[PDB]
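Only one chain comes next, encoded as structure tokens, the form deposited in one PDB entry.
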């Protein structure tokens, strides 16, 4: 539904600007529909959080797969592509990125929502289990591992954005920082 879609887009800008606490009424006005129209698509605010996130994460992963040169047979060079695509996505889509960050840090994501976010780039689990330190694949510390990678990717992005001039150098500098910190001997 272009109407569903409109709602997802309005939800993106509203959440980007105000957080998950963004009024379900304000979302509806910006989408041109009535608060009830929305309730028929997203039963609860939590189910919205979860559907947005999947839709944003989908988008994020389409960019990555598309930019991924499947002829790259080197793990580090492969990780470079993911790192590069992840950063470009955020730079070219500030709202989608702000929004997806809130959702992911909202504490309202179902485990169901998690497993659906993986099936969108399964061969990507393949990279980690090759390069990443055993402890960061650990059931106890993988969340932590991904976190470090993410905070590292976010700062690189802040810099690249605030100082366009040098982005390429930040992006490179940030990758090597993350490789030495997260990756195997």
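Residue numbers count along the first chain shown, from 1.
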property	result
Residue range whose averaged C-alpha B-factor is higher in the record, 38-46 or 141-149	38-46
Stretch with the greater mean C-alpha B-factor as recorded in the entry, comparing 100-108 against 78-86	100-108
Most elevated Cα B-factor in the entry, residues 52, 157, 26, 60	26
Peak C-alpha temperature factor (PDB record), options 171, 165, 177, 14	165
Chain-wide C-alpha B factor ranking for residue 71, given as lowest, middle or highest third	middle
Chain-relative CA temperature factor third for residue 56	lowest
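Beyond the structure shown, there is the form deposited in another entry, which is absent from this document and is the topic of what follows.
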query	finding
Selected hinge residue, from 106, 121, 26, 154, for two rigid parts turning between the shown form and the other one	121
